[PDB]
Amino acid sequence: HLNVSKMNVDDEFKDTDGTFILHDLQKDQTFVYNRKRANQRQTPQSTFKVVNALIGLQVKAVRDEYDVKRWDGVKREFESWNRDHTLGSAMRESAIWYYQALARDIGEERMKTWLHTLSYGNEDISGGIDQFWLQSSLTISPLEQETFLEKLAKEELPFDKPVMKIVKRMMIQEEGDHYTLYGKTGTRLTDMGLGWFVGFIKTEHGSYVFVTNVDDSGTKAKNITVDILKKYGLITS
């Protein structure tokens, strides 16, 4: 019976500058490691795919998690990007080009309205409709990400219920007998110097929202998170 207020995660951040937030939804309690960094707005990277997918489905710029966009044949850095993608696979593989096409179809006026309705960070898309989340104008703090994700977990955002169910399913990372891990990585892929892993874990006793943010890659952020979630008995089997 975890009391998140009594946690310690210092060791899991060995050799890394980062922050971690865990919100126990059933008890309405939040643990924060490195509160100063938790309050620092940073560029969201591919964690923005969560918001982009919600808006895109809501406004019918994409149909469902299986909405296919054909690859243009341009060889990009990661072979996993060099194939036809859907909304869901491009989230799983962080295939930026798919979400750039989606953002263009949403369009700047609609995107700006939605980020204001959602109070998403600094709401600043001036870096360009298909660039603004990629080490660019938009920023959001780890605590602001947690506030947004709690509303998604509780289905309190201004989106249709089926839209939120689709995006949550798209976030599933791992399923055990006793838990389901949902999450999205983000990385500043130029220098690998900023990383995120944000999401939720559902157990038999309740759900938890987490945000991990680090001066390292999104893969490192995810590995730190999984280490913590195992240490505290939320990832079991």
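Start at 1 and count along the sequence shown; that's the residue number.
Comparing 135 to 143 with 115 to 123, the stretch with the higher mean C-alpha B-factor in the PDB entry is 115 to 123. Mean C-alpha B-factor is higher over 79 to 87 than over the other stretch, the pair under comparison being 96 to 104 and 79 to 87. Out of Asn52, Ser207, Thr43, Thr187, the entry records its largest CA B-factor for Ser207.
Per the PDB record, residue ranking by Cα B-factor puts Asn223 in the middle third of the chain. The deposited CA B-factor of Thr47 belongs to the lowest third of values across its chain. In the deposited entry, the Cα temperature factor of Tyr66 places it in the lowest third of its chain's modelled residues. In the deposited entry, the Cα temperature factor of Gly183 places it in the lowest third of its chain's modelled residues.
Split the chain's modelled residues into thirds by C-alpha temperature factor. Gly176 is in the highest one.
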